[PDB]
Amino acid sequence: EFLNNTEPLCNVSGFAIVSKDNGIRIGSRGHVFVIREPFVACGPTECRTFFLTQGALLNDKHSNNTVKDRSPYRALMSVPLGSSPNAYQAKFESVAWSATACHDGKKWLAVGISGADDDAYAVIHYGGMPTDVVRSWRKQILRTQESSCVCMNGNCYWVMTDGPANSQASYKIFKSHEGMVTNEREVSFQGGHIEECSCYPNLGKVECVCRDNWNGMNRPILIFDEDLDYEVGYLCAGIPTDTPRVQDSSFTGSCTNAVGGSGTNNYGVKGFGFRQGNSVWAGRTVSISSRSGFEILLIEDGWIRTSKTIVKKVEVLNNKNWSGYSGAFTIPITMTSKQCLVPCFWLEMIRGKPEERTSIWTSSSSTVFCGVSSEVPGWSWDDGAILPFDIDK
Amino acid sequence: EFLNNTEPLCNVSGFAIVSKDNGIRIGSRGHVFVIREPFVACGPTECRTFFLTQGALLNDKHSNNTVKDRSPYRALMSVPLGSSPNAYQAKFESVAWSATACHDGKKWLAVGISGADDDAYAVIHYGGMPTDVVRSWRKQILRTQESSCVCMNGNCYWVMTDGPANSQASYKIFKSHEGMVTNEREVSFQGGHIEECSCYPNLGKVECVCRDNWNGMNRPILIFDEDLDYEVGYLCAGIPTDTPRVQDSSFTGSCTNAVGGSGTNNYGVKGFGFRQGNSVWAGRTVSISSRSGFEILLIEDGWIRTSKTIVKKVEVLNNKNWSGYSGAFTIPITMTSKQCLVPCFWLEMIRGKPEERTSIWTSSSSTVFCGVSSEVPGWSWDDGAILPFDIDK
Amino acid sequence: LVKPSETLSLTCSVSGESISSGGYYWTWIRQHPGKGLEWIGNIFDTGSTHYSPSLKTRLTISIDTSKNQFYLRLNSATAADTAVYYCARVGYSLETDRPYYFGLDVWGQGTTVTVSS
Amino acid sequence: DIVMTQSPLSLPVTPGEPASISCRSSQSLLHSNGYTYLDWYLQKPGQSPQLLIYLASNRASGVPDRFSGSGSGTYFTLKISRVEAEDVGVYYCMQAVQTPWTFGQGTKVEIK
Ligand SMILES: *[C@@H]1O[C@H](CO)[C@@H](O)[C@H](O)[C@H]1NC(C)=O
Ligand SMILES: *[C@@H]1O[C@H](CO)[C@@H](O)[C@H](O)[C@H]1NC(C)=O
Ligand SMILES: *[C@@H]1O[C@H](CO)[C@@H](O)[C@H](O)[C@H]1NC(C)=O
Ligand SMILES: *[C@@H]1O[C@H](CO)[C@@H](O)[C@H](O)[C@H]1NC(C)=O
Ligand SMILES: [Ca+2]
Ligand SMILES: [Ca+2]
């Protein structure tokens with residue numbers, strides 16, 4: 001019987017660690033896949049680490065050109081929360097070079113995009129069989145949100161986008177019942193860019209905090225409900241949270257307009273932001289110009305009020321260590337028996353040629369945290385690999 | 001309860017990719033078996049990739065002669081759809097050097113031929129135990145369809161042959177019930193050759209499109225039903241679809257006679273063809289004299305009318321990539337809840353010494369597609385292995 | 001016609017699309033009589049520019065988004081600057097985590113600039 | 001700049017048979033973001049150029065299904081599976097790796 005999520009998000013006071021792949025550290029001898037980006041999604045029986053493999057293993061020669069992020073060899077597989085992404089325990093889910101997945105209470109839905117750049121298409125798997133297809137409409141790179149979809153009263157929702165990267169695109173909200181699509185509505189938003197959202201249900205509205213890849217330092221917000229009416233805007237906080245940004249004292253913030261900066265306008269990184277009344281637990285990378293470190297900030301009235309008052313801060317990586325994408329998910333009632341949804345987040349740490357020029361491959365490793373009503377401290381749970389590897393020699 | 005299949009085949013408009021082993025590309029460091037030919041078959045709970053291992057792993061000295069396609073070491077093994085054919089997930093099914101397997105709603109049935117060239121015999125496994133044995137009758141190479149059998153109302157059907165390869169043979173249709181054989185009839189067909197069929201059910205008839213290995217460019221068709229009355233003849237289409245063939249504008253087609261050619265007469269390749277009313281979705285290689293590149297062609301009234309009007313074409317490998325066998329299957333109602341059977345097909349991509357002279361071994365890799373009512377584009381989802389391997393050095 | 005050491009300039013126009021739609025880079029491209037092509041420079045919709053080094057001292061390239069037009073100016077034109085001049089569009093981007101490139105997919109008709117007295 | 005060189009300066013050809021043209025660059029075209037930025041363009045008699053192939057391997061939209069591309073590193077190839085009367089023209093390669101883009105010398109195709 002279908003999984004409800006018409007229940008409020010839990011108030012949390014600190015985030016405690018839950019799992020750590022150690023993928024690259026084990027992969028130096030073990031049979032482990034090359035992954036550019038992972039994510040996590042939770043069913044009623046377990047939570048599973050999804051990831052987009054690159055069809056090759058670490059230290060194997062077929063890992064050579066794995067900086068290339070779109071190819072016919074990538075596939076979405078899935079491993080239970082915390083186990084390394086190894087070759088023998090990974091259950092195949094989709095063929096895909098950009099996907100999303102989530103469990104509706106009966107069976108696991110996964111959306112895998114494939115096909116050539118100018119003519120891509122998405123295949124919607126449901127319990128291991130392709131039930132539907134969605135083709136491009138502007139006939140540039142089609143994308144889903146690189147983290148779980150949001151299921152409510154048995155319908156599962158997600159955002160997709162087609163069009164340019166450094167300029168205004170087209171964005172659409174989708175809705176499925178037992179695989180196949182039943183609704184689709186376009187986001188008219190002339191001032192900005194909603195690429196790579198991180199979404200969670202909250203008391204019957206799906207909330208998403210996305211990635212402004214054009215003229216912005218600040219997160220776009222999208223909020224929509226049962227029959228896809230929506231509100232679009234920006235995370236009001238007075239504290240900027242994208243990767244390229246000017247320091248907190250220089251930024252002014254806006255609720256409705258993209259706020260741009262000196263050299264910050266054409267780039268970003270995937271993040272998250274849990275609303276807690278009117279405050280927000282906003283995650284961001286410690287450095288203001290590179291993907292390193294990670295903070296979680298509780299900004300008072302940051303969801304509505306251009307405030308800069310950071311009430312709490314945690315750190316989960318220190319600034320000497322490389323990081324990457326981050327996203328949201330929630331652990332349902334079926335697991336915890338709480339009368340509310342527990343908010344969790346994941347963090348990937350990338351290693352390889354985009355910054356460590358001497359290694360030929362590029363892979364990443366996941367860490368997962370969940371909210372706790374008690375206060376919790378921080379520490380640097382970094383990936384601990386020792387590059388170069390034996391295939392880089 | 002036994003699995004029905006007395007329901008019509010689904011009308012389809014294009015084929016969308018479902019899975020991709022990346023067997024050879026992962027097998028370079030991973031522990032992956034050498035395989036010559038795979039296939040796929042679907043139960044009510046899951047679909048599984050079957051394959052005829054050669055008792056040896058890739059990149060290992062016991063693969064030094066795997067071009068040899070019949071030996072005591074071969075065995076049929078089964079892995080869930082899309083997972084690599086690795087050593088530690090593969091479930092053993094049958095000692096065999098040519099085999100077929102299919103799920104009847106209760107348990108898996110698997111037929112494994114073994115024994116010496118001149119004296120072979122088939123073992124019919126049912127749920128992991130040998131229930132029956134069928135011996136040769138012309139005492140040359142006994143054979144089965146290298147692709148799933150067709151089960152209806154509890155009975156399961158398949159086509160076997162015994163006799164010459166470049167000359168007329170003997171062909172028989174079998175019918176099991178809970179493992180052991182109940183019936184057997186011989187196909188009287190003096191004009192041609194029916195070696196290696198691809199079968200699917202359709203509204204209570206079993207339809208097979210086969211492999212003419214003697215004096216033919218064209219596919220044979222066999223149609224039989226519950227108590228094994230049959231019709232035999234040829235795929236009328238004006239478009240030839242064996243590997244050796246003359247170009248489409250030179251061929252003339254026939255519904256009842258083997259149409260031979262200049263140099264095309266003694267060789268061929270396994271293939272498929274879904275009937276859709278009177279039209280046919282016929283799959284064929286792109287090149288007219290070698291196993292490279294793959295097309296799927298919807299020919300109007302091609303099943304009956306010597307027509308050449310290709311209404312649609314899809315490509316799934318481009319002509320610079322090696323391909324191989326191909327074969328039909330269908331995904332049942334128990335999985336999709338549609339009131340009709342979804343057609344699907346698989347493609348194997350062979351690599352090694354028959355064409356790449358420098359490598360010592362010979363293996364192949366699977367792609368699987370399924371029909372979708374929407375239009376779907378094509379792409380080159382090739383195998384991507386950077387040969388030669390380390391054992392070849 | 002252009003006489004030597006004058007300032008050459010050219011106008012190119014866009015329609016169906018608009019400038020600042022689709023995120024293309026607008027390009028100028030040259031062809032001397034009997035020879036192969038050459039590349040002059042790129043403008044982005046928001047005015048950021050790339051130039052070929054051999055011409056960088058001579059050139060100035062600009063957009064006007066209110067007119068859906070974009071412009072080439074080439075100071076001190078020599079007789080050797082005689083050519084057919086083409087203007088094109090090309091969509092690509094290298095920053096993002098999903099790069100793309102759809103090379104020079106649309107070309108305008110050529111203008112045969114002759115630089116002589 | 002990347003210096004571009006392209007081996008047949010004229011290629012005699014005749015309808016119905018396959019044909020090939022090929023290209024070599026003075027550095028490898030493998031960009032740091034993994035993609036290989038090489039194109040082919042066709043200029044028919046009295047017309048502008050036209051796009052055929054927009055990265056090493058990929059055909060453009062609207063281009064007839066007869067063309068094919070291959071290669072990596074420094075050496076690239078254009079394949080025509082069957083040549084037909086609409087294919088006469090001058091074929092240029094291009095590279096888009098560096099800040100100055102450079103075109104090839106231009107293989108003429110002449111029917112025989
Ligand atoms: C889902 O939500 C409805 C609405 O409150 C509730 O009555 C129903 O029992 C819930 N079902 C489950 C399985 O939690
Ligand atoms: C990786 O590939 C490049 C060619 O693209 C080559 O120069 C390099 O040596 C390769 N390295 C390995 C370890 O395969
Ligand atoms: C099988 O088919 C018969 C005839 O249509 C139908 O009555 C019966 O209920 C079916 N059984 C199952 C298990 O699908
Ligand atoms: C394979 O077998 C032949 C003899 O049959 C031998 O010469 C050759 O060295 C062997 N190759 C390998 C890699 O073992
Ligand atoms: Ca940004
Ligand atoms: Ca034949």
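Residues carry numbers counted from 1 along their chain as the sequence is written. These may differ from the entry numbering, and residues without coordinates are not shown. Written order decides the labels, with chains lettered from A and ligands numbered from 1. Here the displayed chains are drawn from a larger assembly, and the quantities reported describe the displayed chains exclusively. For side-chain calculations, the full set of non-hydrogen atoms in the structure is used, while hydrogens and water are omitted.

By the naming in the PDB entry, chain D is NCS.1 Light Chain, taken from Homo sapiens.

As annotated in the PDB entry, chain C is NCS.1 Heavy Chain from Homo sapiens.

*Asks:* Looking at this model, I keep getting lost on the relation of the copies chain A and chain B. Mind explaining?
*Replies:* Two chain copies here: they are related by a rotation about an axis and a translation along the same axis. A least-squares fit on the C-alpha atoms is what superposes the copies onto each other. For these two chains of identical sequence, chain A goes onto chain B by a turn of 90 degrees and a shift of 0.0 Å along the axis, with RMSD 0.1 Å. The transformation just described matches what one would write down for a four-fold rotation axis. In terms of proximity to the rotation axis, the leading residue of chain A is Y88(A), whose C-alpha is 4.8 Å off the axis. Between two residues, a contact is recorded if the distance between any of their heavy atoms is within 4.5 Å. Different-surface contact between copies: only 12% of interface residues of chain A are shared with the interface of chain B.

*Asks:* I'm lost on the coordination of the calcium ion (ligand 5) in this one. Help?
*Replies:* For a metal with four tetrahedral donors the ideal donor-metal-donor angle is 109.5 degrees, whereas six octahedral donors ideally subtend 90 or 180 degrees. Residues and elements named next belong to chain A. Around the calcium ion (ligand 5), the protein contributes the donor atoms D212 (O), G216 (O), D242 (OD) and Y267 (O), which lie 2.4 to 2.6 Å from the metal centre. In this analysis a donor is any N, O or S atom within 2.8 Å of a metal ion (3.2 Å for sodium, potassium and calcium), and since water is not included, sites may seem incomplete. Binding-site remark: the calcium ion (ligand 5) is held by donors from one chain whose sequence spacing is D-x3-G-x25-D-x24-Y. Linking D212 in the loop between strand 16 (205-209) and strand 17 (220-224) with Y267 in the loop between strand 18 (230-234) and strand 19 (273-276), this pair joins segments that are 55 residues apart in sequence. Secondary structure counts use DSSP, requiring at least four H or I residues in a row for a helix and at least two E residues in a row for a strand, with both numbered from the N terminus.

*Asks:* Would you take a moment to explain the sheet that holds strand 22 (residues 310-322) of chain A for this structure?
*Replies:* Strands belonging to one sheet form pairs held by backbone hydrogen bonds; the direction of such a pair is parallel or antiparallel. All names here are of chain A. Reading across from one edge, 19-20-21-22 is the order of the four strands in this open sheet, with antiparallel pairing throughout. Either end of the sheet is taken by a strand with one partner, and the two such strands are strand 19 and strand 22. Taking each pair of neighbouring strands and ignoring which way they run, the sheet shows an average axis angle of 10 degrees. By this definition, two strands are paired if DSSP reports at least two bridges between them. Every axis corresponds to a line fitted to the C-alpha atoms, with the helix fit spanning only the stretch in contact, and the corresponding angles, defined between N-to-C directions, vary from 0 to 180 degrees.

*Asks:* For this particular structure, what's the right way to read the state of the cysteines?
*Replies:* Between two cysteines, a covalent bond joining their sulfur atoms is known as a disulfide. By disulfide we mean two sulfur atoms from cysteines, separated by a distance within 2.5 Å. One pass over the structure, following the stated rule, counts 15 disulfides over all chains. Here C197(B) engages in a disulfide with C210(B); their sulfurs sit 2.0 Å apart. An S-S torsion of about 105 degrees defines the bridge between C197(B) and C210(B) as right-handed. Taken together, the residues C197(B) in the loop between strand 14 (180-187) and strand 15 (198-202) and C210(B) in the loop between strand 16 (205-209) and strand 17 (220-224) connect sequence positions 13 residues apart. Summarising the burial analysis for this pair, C197(B) and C210(B) share the class buried. For the unlinked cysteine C340(B), the closest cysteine sulfur is that of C10(B), found at 3.7 Å. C23(D) forms no disulfide, and the closest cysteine sulfur to it belongs to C93(D), at a distance of 3.2 Å. Categorising residues by exposure relies on relative accessible area from a 1.4 Å probe, with only protein chains included: less than 20% of the type maximum marks a residue as buried, more than 50% marks it as exposed, and the intermediate range marks it as partly exposed. On the basis of relative accessibility, which here comes to 1%, the residue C23(D) falls in the buried class.

*Asks:* Could you clarify how one ought to interpret the pattern of salt bridges in this entry?
*Replies:* Opposite charge on two side chains makes pairing possible when the charged atoms of those side chains draw close. Counted as salt bridges are all cases of a side-chain nitrogen of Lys or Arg within 4 Å of a carboxyl oxygen of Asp or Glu. Here the structure, examined in full by the defined rule, presents 52 salt bridges over all chains. The salt bridge partner of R98(C) is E146(A), with a shortest N-O separation of 2.9 Å. Pair noted here: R98(C) is in the loop between strand 7 (83-93) and strand 8 (100-107) and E146(A) is in the loop between strand 10 (142-144) and strand 11 (150-152), and the two residues belong to different chains. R98(C) gets classed as buried once you look at its relative accessible area, which sits at 2%. Look at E146(A) and you get buried, because its relative accessible area is 2%. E46(B) is paired through a salt bridge with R48(B); the nearest N and O atoms lie 3.0 Å apart. Taking relative accessible area as the criterion, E46(B) reaches 33% and is therefore assigned partly exposed. Assessed through its relative accessible area of 10%, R48(B) is described here as buried. Among the charged side chains, a network of salt bridges with common partners joins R36(A), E196(A), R211(A), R291(A), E348(A) and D97(C).

*Asks:* Would you mind going over the packing of aromatic side chains with me for this structure?
*Replies:* We describe a pair of aromatic rings using the distance from one ring centre to the other and the angle between the two ring planes. Only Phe, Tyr and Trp rings take part, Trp by its six-membered ring, and two of them pair if their centres are within 6.5 Å. Stacked means planes under 30 degrees apart, edge-to-face means over 60, and tilted covers everything else. Summed over all chains, the structure comprises 49 aromatic pairs over all chains. Relative to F224(A), the ring of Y157(A) lies with its centre 5.8 Å away and its plane at 50 degrees, an arrangement referred to as tilted. Taken together, the residues span a long stretch of sequence, with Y157(A) in strand 12 (residues 155-162) and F224(A) in strand 17 at a distance of 67 residues. When the centroid spacing of 6.4 Å and the interplanar angle of 50 degrees are considered together, the rings of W137(B) and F174(B) count as tilted. You can see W137(B) sitting in the loop between strand 9 (130-135) and strand 10 (143-144) and its partner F174(B) sitting in strand 13 (residues 170-177), a full 37 residues away along the chain. By the ring-pair criterion, three or more aromatic residues cluster together here, those being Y121(A), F15(B), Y200(B), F272(B), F274(B), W281(B), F294(B), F345(B), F369(B), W379(B) and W381(B). In our convention, an over-ring charge means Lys NZ or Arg CZ found within 6 Å of a ring centre and within 35 degrees of that ring's normal. One cation-aromatic arrangement involves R36(A) over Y325(A); the distance from NZ or CZ to the ring centre is 4.9 Å.

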